[PDB]
Amino acid sequence: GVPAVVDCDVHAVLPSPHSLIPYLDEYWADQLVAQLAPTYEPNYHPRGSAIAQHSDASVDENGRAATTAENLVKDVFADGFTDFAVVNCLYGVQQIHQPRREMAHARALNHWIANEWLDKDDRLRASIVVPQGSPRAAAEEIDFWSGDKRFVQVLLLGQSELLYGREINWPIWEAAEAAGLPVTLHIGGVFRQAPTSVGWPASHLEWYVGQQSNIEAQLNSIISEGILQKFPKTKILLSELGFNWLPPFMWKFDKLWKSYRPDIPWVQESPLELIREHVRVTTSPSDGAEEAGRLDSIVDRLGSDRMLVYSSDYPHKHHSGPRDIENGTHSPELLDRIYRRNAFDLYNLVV
Amino acid sequence: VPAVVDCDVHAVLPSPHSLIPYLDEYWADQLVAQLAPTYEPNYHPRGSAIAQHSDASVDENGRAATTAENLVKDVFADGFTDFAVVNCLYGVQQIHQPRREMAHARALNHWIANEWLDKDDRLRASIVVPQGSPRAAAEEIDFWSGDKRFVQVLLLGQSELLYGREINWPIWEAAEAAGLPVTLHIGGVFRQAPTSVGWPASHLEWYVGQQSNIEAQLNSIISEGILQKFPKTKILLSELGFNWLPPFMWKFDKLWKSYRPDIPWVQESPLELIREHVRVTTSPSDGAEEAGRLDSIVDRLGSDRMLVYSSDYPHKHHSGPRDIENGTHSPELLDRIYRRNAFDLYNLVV
Amino acid sequence: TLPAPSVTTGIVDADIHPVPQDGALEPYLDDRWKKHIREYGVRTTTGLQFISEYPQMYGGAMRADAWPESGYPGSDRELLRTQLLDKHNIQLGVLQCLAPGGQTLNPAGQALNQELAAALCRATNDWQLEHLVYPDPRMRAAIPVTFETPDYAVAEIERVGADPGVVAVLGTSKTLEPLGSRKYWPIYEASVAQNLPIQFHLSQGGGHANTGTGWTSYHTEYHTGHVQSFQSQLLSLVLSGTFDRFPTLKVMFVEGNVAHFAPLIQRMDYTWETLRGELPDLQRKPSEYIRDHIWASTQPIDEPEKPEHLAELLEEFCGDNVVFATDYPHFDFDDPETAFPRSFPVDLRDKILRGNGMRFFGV
Amino acid sequence: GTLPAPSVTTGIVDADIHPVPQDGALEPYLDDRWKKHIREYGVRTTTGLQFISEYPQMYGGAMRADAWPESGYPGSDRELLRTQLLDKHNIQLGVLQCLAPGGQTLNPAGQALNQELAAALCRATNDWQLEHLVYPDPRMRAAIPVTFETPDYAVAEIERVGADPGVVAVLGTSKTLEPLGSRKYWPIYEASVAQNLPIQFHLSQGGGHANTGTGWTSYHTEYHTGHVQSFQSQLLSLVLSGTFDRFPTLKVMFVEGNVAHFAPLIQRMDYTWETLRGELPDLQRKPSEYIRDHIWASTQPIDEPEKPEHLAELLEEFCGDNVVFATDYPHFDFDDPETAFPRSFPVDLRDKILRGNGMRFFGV
Ligand SMILES: [Fe+3]
Ligand SMILES: [Fe+3]
Ligand SMILES: [Fe+3]
Ligand SMILES: [Fe+3]
Ligand SMILES: [Fe+3]
Ligand SMILES: [Fe+3]
Ligand SMILES: [Mg+2]
Ligand SMILES: [Mg+2]
Ligand SMILES: [Mg+2]
Ligand SMILES: [Mg+2]
Ligand SMILES: [Mg+2]
Ligand SMILES: [Mg+2]
Ligand SMILES: [Mg+2]
Ligand SMILES: [Mg+2]
């Protein structure tokens, strides 16, 4: 049994809200139609911008990539290198303020993934999309899918309404642990405050780059509030949020944990160790770590070769491509860990 | 015979050191080691004209309402008031550190129990709760539910999330189980701008404008279903005015008629739900004390059951606790305001 | 040269919502901004590509009977003329364009790229003057500008604000700072210089949650909640002394309701009687600013349980400062034939339908 | 006033020193109405708290336990500041950053919600620090707080005292209501450039938003580590907005935002821009190319990697010419110039951090 090559972040793109109708009860389906089916397509990867899709991705009748499992599977698995891919749908249910509709559309979205993606190719796995405006409802959604092992993780957005370590959000971590599932934070957000501590970014570019700051906040919250002692089997995947920012954050967090440990006395190990053991990160985008020697450098600065897991971020276009990380290292061993061994810790998938 | 209850008076914590006798060693020592930062709020700036009227007894630092002896002396002197409901606004809810918020809220309630309720059996009090953790807020309510001198739960007008959100349901559940009304009092956690259009630039602008947040809270509480889920719920609006209620009620009713299937559990009109479940203290009176204006506002509310007498001691308002009599010609209405309406909240007899 | 508006036998309608047909703004937008919109859309204070944070419920919140043969309600100028202007004898109908396309509420001024926002406001102003106002000058424009970038707003007021087809400057009820902030004073200065009053229309966005105490869940909360922003804005504009600095400035709150302003102002005075020492530079008692500076439009009309209370509250606000609007083509449109209670006084309604708006717009 | 330009000879630059006015020291410089206002209301800011900020300091006000004078708050005793800091470390250019009008750690005058009061407090602070500290001992020079959130008042204050040779920078806060590349702040940048003044932005609370982009923090580790986030966001806005295209001589320093994290932030910014630059087609340079001419960072509290060699690597990856020493006297995480750097740290880089780099920022 050899660990599989897992593409730890690819995307399904809902064509339109009408795709949810087969998986909605009459009350919600009729309502969606009567409301003229407003689309919660997010602005995290603006459909007309250069990040949205590779120019040569397979496309549907409207020119859009990744809206069908047939198209995604044709592209992702073509070259035979990838064994499994983890599908994250970013359709913006978490930005539905109406809490019953958030619950109903999140559920319908997961049904759409199950029936039109997971059922269509046994190499696909997926995150569970959850209604994070009600943490107890989010826990119920995790539980609803806990018997379908093709759902391999819980999806949370990088920007939340309250920090994920707050006790208000503990039901999510409890439910994920009870289901044996890692939790991923993926770039994106609920936008219930400014996306930064200094106000609203004026461009998509400024926003996208700067979401790394919110992930420092989330990790400090999760760790400081005690998630990793209260739910010690928790595993966290940072999807499509970079990773070169981690070491400077880790060093300062460690320095201040030494100064303030009595404020958080349950944290008895350095954040440095907790992050290396409980946090993994996807490799697309690589944010310059694909340049000569820089992947060896960042692994040295992380202090662990166990954290980086391969992804393509299909269909998104980044400055360097899925396998260009090979240019950043001289170690075949490190590449073997990134391509297959590190993700075994998350999903236990074998070739 | 229902008692004359002063439904909002204030205890003012002298300083955080007053909490030391009621904190575990870990928190008492940490307090002294922090140089005891005070969470005294700016809701009633101590040096401003609202903080205390010139007739109020004061302590060695010139502050009113920092001792039960001073408060009881002033509040009960004239024989009209039978009981008074004490709210301490010390800003534990603005403590971000969640365990400290819990510890200081619990200590504050102990201080109220020992240095106020134990000193005079005419005093009652609200339960201060750590609203940053609704689970822990529910436990604080449960803990004090045994002491029937605690007669309501204290929540601030501005919260972190709206009080009707499911995240907050444990508070409403615990208050209902304890048989306690929930009061919203002017004040806030200040975890966003106090208005939907940014930060007020003065205390005066802030103070006047907090009525807008109470419209938000009432709509959230009702629309989200609190009054069907917890049908014994009673809500007291303390020191938030009341003349703004009718225009809010009418628009809410009008839009409930338009959006009924969005909130199908709300089967009675918001008009009736507010008249039945919401009560409001009379200080400040915000102009309803002028000739005929109290009869008018009762006509506009559609109910004579909502207003409950308070003095808001020790605060100074433009008109005094009993000046409301100048706004009505009805002794029956004054009987409702001074005693009968608060019987629905506290069931206190003379 | 366009004649001045003339209101004789007909009425003022202070809030009408036209929408450009698809592509209608393109002749008025530089190619760079065309490209930007194609590639990014109009990003604002959401994480959503196409919709705002509270999308409309049934039918786009439009009148079911206001859909043209093709396009969105408000996008067909002939249907606007027959269903609104002719049907209600509107002789001054003030256009408030809330979206650059076939949508209900997505204001150009709220685009987070404020250079784009300025270009869309400019394009909207050229478009509404050429397509709607000049062909039928019963209509006149309230010009959207970028309140959050005063330099650009001032430039646009200088560019087109003197055009006789323009009767007001158009802002949004939600802003990043309360409207009495010095940030917005250059816009007030430029508006006064062009003899223009300002209308602030109900909006989402602004940069903060839609209440001062969290984001709303259900549509009752969202829609009733619109009143709150206007309460906050009135308090800031008055207490800041903005009208001491600009003693000729007129502002109208549009679609904030009316009656609630009366008890709010009453509380403002009563609180100020005690706390006035915080703001010793304010020249007048707070309620005294209303008569000369604050107007409000009527839609959606307040509906008290006892109808007599409407006239009472409108007068407690200021009976001379209340102005009729229909809100065509939104679902809660008010018909001037039926909006007022049976017992309402003719003189007050007449002022609301005619004189009051004529005074505000300088007609 | 008339004062020689600063001379850095064999001594060092200290980019962040926190003096505090003794009780009453600002009153000679305030109108009666503001003295009355402060007595009656205090200084209201973005909190619901009369006397403290939303995150009050954890241990002894976050001051080193040996910097307490006979009577006042640390930093309130000029003689003690001379012997404990300027004399002790041969500081020849020590830049004052007054963060509070009184003995109450971290409460910036510019953040008073009454911006007329804020302006008056900034002006009083500027008159006071020049009279009480700079002119008596011109080893010290002022970074003048101004009201960033009311540019008209800031421009007026920069015009009033900005040309005084006792002033070497304009002082802002890390947190603001809009990101610092916003056109709101451009009049301040214009006025600063006209006086040939760089701008320092010091770590702050407040600003109008939560202290992260995704909620308010709970524990002190989150709060203190979280301060870097605001600086990350400000760097992105200042660069990507083209602020430095509009003001090509403008120099900005992030004070007490740490240093090393800027390197991978900038690296991710370039990498993202390579794909998405079409959104912002006017920007004249690749984003990282703005750093050398426009962005500085002070060292305190020094980054402490697990392998010390990574420090110099990350400082050079940011920009080795643009890192400037600071002590943060008298705060508890004070850095000593003799011990702040790892034993193996390159001597040439250390020398320019202590001297040349700050001289170039401050125009010496
Ligand atoms: Fe991704
Ligand atoms: Fe009170
Ligand atoms: Fe409208
Ligand atoms: Fe409308
Ligand atoms: Fe400092
Ligand atoms: Fe410091
Ligand atoms: Mg089905
Ligand atoms: Mg390719
Ligand atoms: Mg260690
Ligand atoms: Mg008696
Ligand atoms: Mg004109
Ligand atoms: Mg003034
Ligand atoms: Mg005066
Ligand atoms: Mg100079």
Side-chain angles (χ1 to χ4, degrees), chain B residues 1-12 43-44 50-53 55-57 64-89 112-113 115-128 148-154 180-187 234-242 279-286 288-289 294 305-328 333-350:
Chain B
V1 160
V4 175
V5 182
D6 189 334
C7 296
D8 178 31
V9 306
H10 292 297
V12 177
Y43 320 147
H44 305 87
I50 192 175
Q52 50 197 60
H53 61 73
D55 283 340
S57 302
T66 61
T67 66
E69 290 84 8
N70 275 347
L71 178 146
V72 166
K73 169 188 172 189
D74 292 350
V75 169
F76 296 99
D78 72 9
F80 179 71
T81 306
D82 296 313
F83 296 93
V85 178
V86 178
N87 294 303
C88 183
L89 307 177
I112 288 297
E115 319 216 18
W116 298 74
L117 304 185
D118 281 352
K119 290 200 179 321
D120 193 289
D121 59 22
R122 297 169 289 187
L123 295 184
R124 299 290 186 280
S126 55
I127 301 167
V128 186
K148 302 314 192 174
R149 303 167 306 165
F150 287 90
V151 301
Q152 61 192 25
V153 174
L154 175 68
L180 296 182
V182 175
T183 192
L184 273 61
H185 192 285
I186 198 165
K234 290 291 188 177
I235 297 161
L236 176 61
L237 309 180
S238 292
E239 203 198 321
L240 287 155
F242 50 83
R279 283 78 183 86
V280 190
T281 68
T282 52
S283 182
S285 48
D286 288 346
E289 79 285 350
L294 197 66
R305 306 304 169 98
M306 295 171 75
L307 296 179
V308 298
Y309 165 75
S310 73
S311 68
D312 202 32
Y313 177 91
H315 300 155
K316 175 63 179 179
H317 300 286
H318 175 57
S319 64
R322 304 238 270 147
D323 289 342
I324 58 175
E325 303 193 359
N326 296 326
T328 178
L333 176 59
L334 291 176
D335 185 60
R336 304 276 342 156
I337 292 173
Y338 283 138
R339 61 184 64 76
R340 300 212 174 263
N341 286 347
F343 197 75
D344 183 47
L345 296 173
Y346 313 124
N347 296 282
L348 288 174
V349 305
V350 38

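The sequence lines fix the lettering, A, B, ..., with proteins before strands; numbering per chain opens at 1. Only heavy atoms go into these numbers, but all of them, side chains included; no hydrogens, no water, no symmetry mates.
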| Are B/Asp118 and B/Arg149 within salt-bridge range, i.e. N to O under 4.0 Å? | yes
| Using 4.0 Å as the upper bound for N to carboxylate O, is an ion pair formed by B/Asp344 and B/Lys234? | yes
| Using the ring of each side chain (for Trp, its six-membered ring), is B/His315 parallel, tilted or perpendicular to B/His44, with breaks at 30° and 60°? | parallel
| request: Step by step, work out the side chain to side chain contact (heavy atoms under 4.5 Å, CB included) result for B/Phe80 and B/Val4. | output: CA-CA 7 Å; B/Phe80 179 71; B/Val4 175; 3.8 Å; yes
N/O donor-acceptor pair under 3.5 Å between [X] side chain and [Y] backbone:
X	Y	result
B/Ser283	B/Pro321	no
B/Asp82	B/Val5	no
B/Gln52	B/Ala64	yes
B/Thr282	B/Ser310	yes
B/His10	B/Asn87	yes

Of the non-hydrogen atoms in [X] and [Y], which two are nearest, and what is the gap between them?
X	Y	answer
B/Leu236	B/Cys7	CD2-O, 4.1 Å
B/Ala11	B/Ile112	CB-CD1, 3.8 Å
B/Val75	B/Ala84	CG1-CB, 4.3 Å
B/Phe343	B/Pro2	CD1-CB, 3.6 Å
B/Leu154	B/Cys88	CD2-O, 3.6 Å

| query | Do the side-chain N and O atoms of B/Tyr313 and B/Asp6 include a donor-acceptor pair separated by under 3.5 angstrom? | reply | no
| query | Does any donor atom in the side chain of B/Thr183 or B/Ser126 lie under 3.5 Å from an acceptor atom in the other side chain? | reply | no
| request: Decide yes or no on side chain to side chain contact (heavy atoms under 4.5 Å, CB included) for B/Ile50 and B/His317, but give the supporting numbers first. | output: CA-CA 6 Å; B/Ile50 192 175; B/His317 300 286; 4.0 Å; yes
Any side-chain heavy atom of [X] sitting closer than 4.5 Å to one from [Y]?
X	Y	answer
B/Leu294	B/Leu307	yes
B/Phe76	B/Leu123	yes
B/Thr328	B/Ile337	no
B/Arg279	B/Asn341	no

| message | Run the side chain to side chain contact (heavy atoms under 4.5 Å, CB included) test on B/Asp335 and B/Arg340 for me, step by step, so that the C-alpha distance in whole Å, both residues' side-chain angles and the decisive distance to 0.1 Å come before the verdict. | response | CA-CA 6 Å; B/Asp335 185 60; B/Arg340 300 212 174 263; 2.8 Å; yes
Euclidean distance, [Y] [atom2] relative to [X] [atom1], rounded to 0.5 Å:
X	Y	atom1	atom2	answer
B/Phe83	B/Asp121	CZ	CG	7.5 Å
B/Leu345	B/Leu180	CG	CG	11.0 Å
B/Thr281	B/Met306	OG1	CE	12.0 Å
B/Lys148	B/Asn347	NZ	CG	11.5 Å
B/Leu117	B/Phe150	CG	CZ	5.0 Å
B/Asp8	B/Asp312	CG	CG	4.5 Å

| Does the ring of B/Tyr338 carry B/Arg322 above it, NZ/CZ under 6.0 angstrom from centre and within 45° of its axis? | yes
| request: May I ask you to establish whether B/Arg124 and B/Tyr346 are in a cation-pi arrangement, using a distance under 6.0 Å from NZ or CZ to the six-membered ring centre and at most 45° from the ring axis? | output: no
Let me have the donor-acceptor pairs involving side chains of residues 65-73 of chain B, under 3.5 Å, with sequence neighbours excluded, atom names and distances please.
from: B/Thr66; atom 1: OG1; to: B/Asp59; atom 2: OD2; distance (Å): 2.7
from: B/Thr67; atom 1: OG1; to: B/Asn70; atom 2: N; distance (Å): 3.2
from: B/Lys73; atom 1: NZ; to: B/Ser57; atom 2: OG; distance (Å): 3.1

